[PDB]
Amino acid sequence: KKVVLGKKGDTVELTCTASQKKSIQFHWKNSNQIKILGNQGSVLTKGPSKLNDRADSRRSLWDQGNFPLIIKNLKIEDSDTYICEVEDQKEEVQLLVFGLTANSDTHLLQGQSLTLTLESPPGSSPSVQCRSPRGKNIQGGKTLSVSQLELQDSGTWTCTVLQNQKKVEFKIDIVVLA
């Protein structure tokens, strides 16, 4: 089930709702059944995983059958399928994380090319469609590139990466110097 699009460096929350006697025995594992974090009766316990000090939950929501997994300082290596098992219920969530660099430094001379690279997990070729304030939308795979930058390109651009019906939106501000 589920697909959540993360943006490199950011924080994310993967919801897990369940029926039960408001709050119960839960835990999140990854694909290799590595237990990421669960509840020792009433407290939060995180096992020895690469997500340890970035992985967290929100206990006050347990009483309302919600047991989110929160991963801060997102690395595209966090892209993986997470499982949330609350007592008898099991929920699957795939986290996909992307990066969108601006190879050519935002401040460039007019007539100069601009390249951007979308960082992705080893399992996805999304569609990146960026557009300049001049409305001219560009798209492509890993590398999006602009032939020559007009002075009317300076400022906040917007880039849409689409993956399995969902989308994240990177923004760039380009200082096209004359």
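Start at 1 with the first residue shown and count on from there.
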property	result
39-47 or 55-63, whichever carries the higher mean Cα B-factor	39-47
14-22 set against 153-161, stretch whose average Cα temperature factor tops the other in the entry	153-161
Criterion, highest CA B-factor; candidates, 132, 120, 33, 143	132
B-factor third for the C-alpha atom of residue 114 within its chain	middle
Record-listed C-alpha B factor of residue 107: chain third	highest
